[PDB]
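Here the structure is laid out as structure tokens; the discussion comes afterwards.
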4 protein chains.
Amino acid sequence: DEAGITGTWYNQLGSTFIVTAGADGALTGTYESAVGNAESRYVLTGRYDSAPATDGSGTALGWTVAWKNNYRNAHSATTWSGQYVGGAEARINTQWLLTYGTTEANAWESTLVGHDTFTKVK
Amino acid sequence: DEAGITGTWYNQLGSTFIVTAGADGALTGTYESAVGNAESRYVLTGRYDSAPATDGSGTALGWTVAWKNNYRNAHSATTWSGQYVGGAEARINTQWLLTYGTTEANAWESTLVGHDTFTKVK
Amino acid sequence: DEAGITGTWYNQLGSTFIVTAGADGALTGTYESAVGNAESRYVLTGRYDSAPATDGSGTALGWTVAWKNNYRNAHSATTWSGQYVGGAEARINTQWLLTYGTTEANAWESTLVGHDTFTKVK
Amino acid sequence: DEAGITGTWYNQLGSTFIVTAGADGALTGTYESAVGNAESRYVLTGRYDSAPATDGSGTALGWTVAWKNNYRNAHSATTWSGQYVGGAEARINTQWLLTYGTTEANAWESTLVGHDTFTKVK
Ligand SMILES: [Ir+4]
Ligand SMILES: [Ir+4]
Ligand SMILES: [Ir+4]
Ligand SMILES: [Ir+4]
Ligand SMILES: [Ir+4]
Ligand SMILES: [Ir+4]
Ligand SMILES: [Ir+4]
Ligand SMILES: [Ir+4]
Ligand SMILES: [Ir+4]
Ligand SMILES: [Ir+4]
Ligand SMILES: [Ir+4]
Ligand SMILES: [Ir+4]
């Protein structure tokens, strides 16, 4: 699924995920969020199963963005965990954890959870 | 926190996280899980806030492991999202999402969630 | 939103959530899952914000099902946390945690996470 | 585990969970949070597995608090999902989802996730 995953993806929020899948299991690219304390592109890196089951199962993958670039620093990081599903309407279905840096007193309230679905068309 | 993060960390399960933090926000290393469908080391990559707040807040970070190496393929990936807290007893406090590849029918049951705390001593 | 919430709801899996919202903030009803180790109806109870903001915000709510009834016992419980959104296409948008009973050794793998969206039509 | 669960529990934040477990699987009680937009006691309800496995597994359970009482309304609800572990140092180990009411535009940022461990001594 190197070919299937590599490319430009869009989620339901209007965010843009640009990724290259390497033969070895690497994910590298950029992410641009349509929402939040974010502007322009941010580095992302991650990993995917480069030899997935051939029983029609999805391909497990995940990636991280730290929300610091040359424009802004939101002192936070999001990780997406999910699976790539190939076919006519390819999809990456994810759930995510967004942690922001906090004091120890506020650590209980440091992590948001959500879900994003990416497609190859906006 | 490049110096603070780089090194060998251990969680409550007895897993070993070996990481290098780059000046640019990169995380690269290996992970060895004490539990699950896992043996020996797996590649990890991730990101951290390389210019965190100086108000005593933690440093946000995250990373991904795809559970394929030369020994096993568990057709799954975990992402950890959390913060590094420096000091005498440094800690990385995380929550994680483990997704495994599934059929579309079983996708509702594809993702485990948990929490790991890493310290510099086992 | 007592009137808005009370009734029969369906999610994307084909599950059926039958709920009564009380004036005091109570949720009581039954849940029937289309998937998993489940058959027929299970008791549910929960709570909702009975005086929500009137700035167009959703109404926060949550509920629990333990997966034991007269037919089956899956030694597990799910909680849904989410918000009710009123209007022509009313929705309850949720994320959920499903914990199953485990040994202490397997507790790291005890909890699934997902997301369900309920509507008033299947 | 009716007897084991019923009583007063405390988490790592200093919150107080007061619960009665019914023979039928009901949980009913009050919760007082040491943190957040909260004061005094809030109603809780939930469910537990009233016939758990006898292979040394934990007992699955969950409960909900809507954060409205006579003092405050935080327009939010938390659900805890977890398992009760009996013995000399009884514990309830949970993960939780806290959703607050939002506009549709801000729904992506509506849900916090965390983990609480309750014991019978503070
Ligand atoms: Ir395989
Ligand atoms: Ir999903
Ligand atoms: Ir959704
Ligand atoms: Ir700052
Ligand atoms: Ir935590
Ligand atoms: Ir813990
Ligand atoms: Ir209000
Ligand atoms: Ir959602
Ligand atoms: Ir969805
Ligand atoms: Ir059993
Ligand atoms: Ir846990
Ligand atoms: Ir913890």
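Residue numbers start from 1 in every chain, and the chains themselves are labelled A, B, ... in the order their sequence lines are given, proteins ahead of strands. All heavy atoms count here, side chains included; hydrogens, waters and symmetry mates do not.
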- Task: Select, from D:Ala74, D:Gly25, D:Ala51, D:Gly46, the one with the greatest count of heavy-atom pairs under 4.5 Å involving chain C.
- Result: D:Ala51
- Which of residues 106-122 of chain C have a heavy atom under 4.5 Å from any heavy atom of chain D? C:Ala107, C:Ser110
- Item | Leading residue by heavy atom contact count with chain C [cutoff under 4.5 Å; candidates D:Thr102, D:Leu98, D:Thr103] | D:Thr102
- Query: Hey, which of D:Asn73, D:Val65, D:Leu27, D:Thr64 has the most heavy atom pairs under 4.5 Å with chain C?
  - Reply: D:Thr64
- Message: Strictly less than 4.5 Å between heavy atoms, which residues of residues 77-94 of chain C line up against chain D? Please order them by number.
- Response: C:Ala77, C:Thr79, C:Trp80, C:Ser81, C:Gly82, C:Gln83, C:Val85
- Task: Check whether D:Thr28 gets within reach of chain C through its side chain, its backbone, both or neither, counting any heavy atom under 4.5 Å.
- Result: neither
- Message: For a quick test of reading the model, state the closest non-hydrogen atom pair linking C:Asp49 to D:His75 and the distance between them.
- Response: OD2-ND1, 2.7 Å
May I have the list of side-chain donor-acceptor pairs in residues 56-63 of chain C shorter than 3.5 Å, sequence neighbours left out?
{"unit_1": "C:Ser57", "atom_1": "OG", "unit_2": "C:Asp55", "atom_2": "OD1", "d": "2.7"}
{"unit_1": "C:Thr59", "atom_1": "OG1", "unit_2": "C:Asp1", "atom_2": "OD2", "d": "2.4"}

- Hey, which residues of residues 31-45 of chain C are touching chain D, say heavy atoms under 4.5 Å apart? C:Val43, C:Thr45
- Nearest-0.5 Å distance that lies between atom CG in D:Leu97 and atom CD in C:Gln95: 6.5 Å
- How about C:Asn70: does its CG atom have over 12 heavy atoms from other parts shown lying under 6.0 Å from it? no
